[PDB]
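The data below hold one chain only, encoded as structure tokens and taken in the form deposited in one PDB entry.
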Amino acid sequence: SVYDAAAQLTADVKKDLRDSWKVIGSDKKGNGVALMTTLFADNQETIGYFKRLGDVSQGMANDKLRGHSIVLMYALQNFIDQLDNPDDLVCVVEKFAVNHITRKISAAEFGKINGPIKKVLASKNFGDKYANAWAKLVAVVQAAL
């Protein structure tokens, strides 16, 4: 269940998530847009899903992409803040899962974000240990999709 996946994030996984988030979550505009542009660059097939944001090649200058990228980073902030209470983490994961289920985003397609996350972490010198920790948090949302 989502709860099982949540309940299995360990003390050192939560430590790696919090420690990397202190750095990548400090600049939400910069790192949020960096995440979205790496998604569109490496996975060009997803661009069509983001038609509401207009022309995503514009990057930072596209006001709708910048607004979306900041709000996504607050969704991750929320996740990081609920780590010690699985019941609260589960009801916010399920709320964001419904936002993607209505856009017909499958668990497999949602997991395409792991590549971008790994790349943004690597730019701040957080290696594979941290990327693996973040893949465990993404898998909690995948359990809901």
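Don't overthink the numbering: it's just position in the shown sequence, from 1.
What comes next is about the form deposited with a small molecule bound, which is not displayed.
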The small molecule contact at residue 83 in the deposited bound form, heavy atom, 4.5 Å: no
Are any of the heavy atoms in residue 56 no more than 4.5 Å from a heavy atom of the small molecule in the deposited bound form? no
Does the small molecule come within 4.5 Å of any heavy atom of residue 117 in the deposited bound form? yes
Counting only non-hydrogen atoms and a 4.5 angstroms cut-off, does residue 89 reach the small molecule in the deposited bound form? no
